[PDB]
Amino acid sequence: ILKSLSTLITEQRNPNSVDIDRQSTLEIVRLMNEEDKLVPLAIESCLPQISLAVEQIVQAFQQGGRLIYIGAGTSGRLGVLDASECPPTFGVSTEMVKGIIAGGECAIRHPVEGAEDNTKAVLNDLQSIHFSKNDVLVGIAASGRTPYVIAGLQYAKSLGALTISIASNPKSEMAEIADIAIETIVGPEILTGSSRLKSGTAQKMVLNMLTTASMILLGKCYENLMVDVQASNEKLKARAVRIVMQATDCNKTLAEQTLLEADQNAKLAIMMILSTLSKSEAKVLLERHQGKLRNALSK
């Protein structure tokens, strides 16, 4: 059934924490923090595989496929949490990046019995979203041995889809199945086996990179500006006008006056501000260039 968690870094005891139940309020947090320092280092070793991951996702994005995340508990929850930010940040379809967690919606707030052992359930979760060859499955689990995720990668592989694993123990079985193996080696957790801590931080960090970088490549932003933001509150309604001014050194309320001379679409707005085109002509420029403001602005 298991009995060889012994060989896994993720089940291993951290030396500098053996008397953590004895240490002080400040000793404990300092330690955790000292341990958190290791997380960005371990992402750093992983960057070239991460780069390649991104570039192949753009490719898929471009053939019309989707970025699909799978994971149990924390890993699952973090997949939904990256997928959730992509529309209001980048302006894309809510379907473009979907996070799937074992146990369905209830698993978001609380664990499900054996949800991570349910090899049949993943096959239904993936079938229900019409998972296809054009898609990319990113399988996520610190141990690299979660049956749910393992079976998920397999079906994906069997449909000829691009597969990526994100695990914390090297040479894992998820790593063997997948096409790109991302290996977050963070060392033993402060609490032995608590992958919610370091490993779930690494996982957030990669996911973030995966969506942020691909979206950049698709011209879903201009310079370092969030030109495709959905402004759905006061802060972003303001950042909107702020962003039009930042791109085009514009006086002032022309920034406002172009925003609703379309809709709050900073990208369109600055396009018809810089290129001095009509709203409809600014648009069709952008359409021919897949929304890449730098290309449509020419040169």
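A residue's number is simply how far along the shown sequence it sits, counting from 1.
Higher mean CA temperature factor between 218-226 and 135-143: 218-226, per the PDB entry. Taking the PDB entry as given, 185-193 carries the higher mean Cα B factor of the two stretches 204-212 and 185-193. For the set 58, 43, 67, 268, the maximum C-alpha B-factor listed in the entry falls on 268. Taking the deposited Cα B-factors for 39, 259, 50, 29, the highest one is held by 259. Residue 87: CA B factor in the middle third of modelled residues in this chain (values from the PDB entry). Remark: residue 175 belongs to the middle third of its chain, ranked by C-alpha B-factor as recorded.
When the modelled residues of the chain are ordered by their C-alpha B factor, residue 110 lands in the highest third.
Ranked within its chain, residue 63 lands in the lowest third, by CA B factor from the PDB record. When the CA B factors of the chain's modelled residues are split into thirds, the value for residue 240 lands in the middle one.
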